[PDB]
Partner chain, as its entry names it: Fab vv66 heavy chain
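Just one chain is shown here, as structure tokens, and it is the form deposited without the partner chain.
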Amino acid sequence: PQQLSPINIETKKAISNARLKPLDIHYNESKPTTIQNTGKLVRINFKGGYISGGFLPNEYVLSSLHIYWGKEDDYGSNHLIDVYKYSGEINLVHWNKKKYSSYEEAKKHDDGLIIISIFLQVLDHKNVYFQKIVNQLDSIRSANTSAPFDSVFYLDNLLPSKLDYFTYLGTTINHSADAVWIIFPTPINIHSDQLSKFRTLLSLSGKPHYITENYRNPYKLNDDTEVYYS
């Protein structure tokens, strides 16, 4: 069967494979175009950027960034590692443009999508790179809104300090497609004030309510889903 995402990664059960070389991340050419409050989450759309190397058959192009958080700073990510939840989670969605015609075609195949997870950890540290995103939220307060992302922003500045990863075959968080996940256990550090600003965003209409949390609870791991560690 499909493996529904997200999941708890049990580190003692993760397995090794020579294929798991470090990823080659190439966000030089990445530029955010617009930012949106979809009524569920914050999405930033990108033009440019790709990942390659690692266990990948070829390059996958970057398309979008999603952000998830919780009601409290200590409980906000989608994925867990050994039943530890981080403060929040960024997902970077990439698709197999080499093989498929559009993201919509790519979504239909288990080699179509690769999603990178970067955890957020609230640690009383104002993160100047993450602040670029925070400082756009005032423009997308209502649900189903869009704004130009004008500020210069280098996506590679949100990469964790260490890029070892877990990988498994799961699904997108809305379960509309299979997706291979690349999960970095090392989080990036942010400040409580920064995460707080996401909770000002409004849901779709009773009347709209604050999106105080938008993570999805984890699903059980299928007996035949293997989790690899690089």
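Positions refer to the first chain, counted from 1.
Engineer: What does the record say about the segment between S176 and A177: how many deposited residues are without coordinates (none, 1 to 3, 4 to 9, 10 or more)?
Structural biologist: Count of unmodelled residues in between: none.
Engineer: Look over 101 to 109 and 118 to 126 in the entry and identify the one with the greater average Cα temperature factor.
Structural biologist: Per the PDB record, 101 to 109.
Engineer: Check the entry's C-alpha temperature factors for 221 to 229 and 1 to 9, then say which stretch has the higher mean.
Structural biologist: Per the PDB record, 221 to 229.
Engineer: I'd like to know which of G170, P32, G53, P185 has the highest C-alpha temperature factor in the PDB entry.
Structural biologist: Comparing C-alpha B-factors across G170, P32, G53, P185, the top value belongs to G53.
Engineer: Which one of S161, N58, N37, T200 shows the biggest C-alpha B-factor in the PDB entry?
Structural biologist: That would be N58, according to the entry.
Engineer: Pull the Cα B-factor of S139 out of the PDB entry and bin it into the chain's lowest, middle or highest third.
Structural biologist: For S139, the deposited C-alpha B-factor lands in the highest third.
Engineer: Lowest, middle or highest third: which one holds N96 when the chain's residues are ordered by CA B-factor from the entry?
Structural biologist: Within its chain, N96 is a middle-third residue by C-alpha B-factor, going by the deposited values.
Engineer: So where's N189 on the chain's Cα temperature factor ranking, which third?
Structural biologist: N189: CA B-factor falls in the middle third of its chain.
Engineer: So where's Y86 on the chain's Cα temperature factor ranking, which third?
Structural biologist: Lowest third, going by the recorded CA B-factors of the chain.
Engineer: Which third of the chain holds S77 when residues are ordered by C-alpha B factor: lowest, middle or highest?
Structural biologist: Bottom third by C-alpha B-factor.
One more form of this protein exists, namely the form solved in complex with the partner chain; it is left out here, but the text below deals with it.
Engineer: So, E72, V122 and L195: all three within 4.5 Å of the partner chain in the entry with it bound by heavy atoms, or not?
Structural biologist: Per the other structure, none of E72, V122 and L195 touch the partner chain.
Engineer: Indicate whether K126 is a 4.5 Å heavy atom neighbour of the partner chain in the entry with it bound.
Structural biologist: Contact with the partner chain, no.
Engineer: Quick one: is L23 in contact with the partner chain in the entry with it bound, heavy atoms, 4.5 Å cut-off?
Structural biologist: So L23 does not count as contacting the partner chain.
Engineer: Please tell me whether any heavy atom belonging to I114 falls inside 4.5 Å of a heavy atom of the partner chain, as the geometry stands in the entry with it bound.
Structural biologist: So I114 counts as contacting the partner chain.
Engineer: Taking 4.5 angstroms as the cut-off for heavy atoms, does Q3 touch the partner chain in the entry with it bound?
Structural biologist: Flag for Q3 set to yes.
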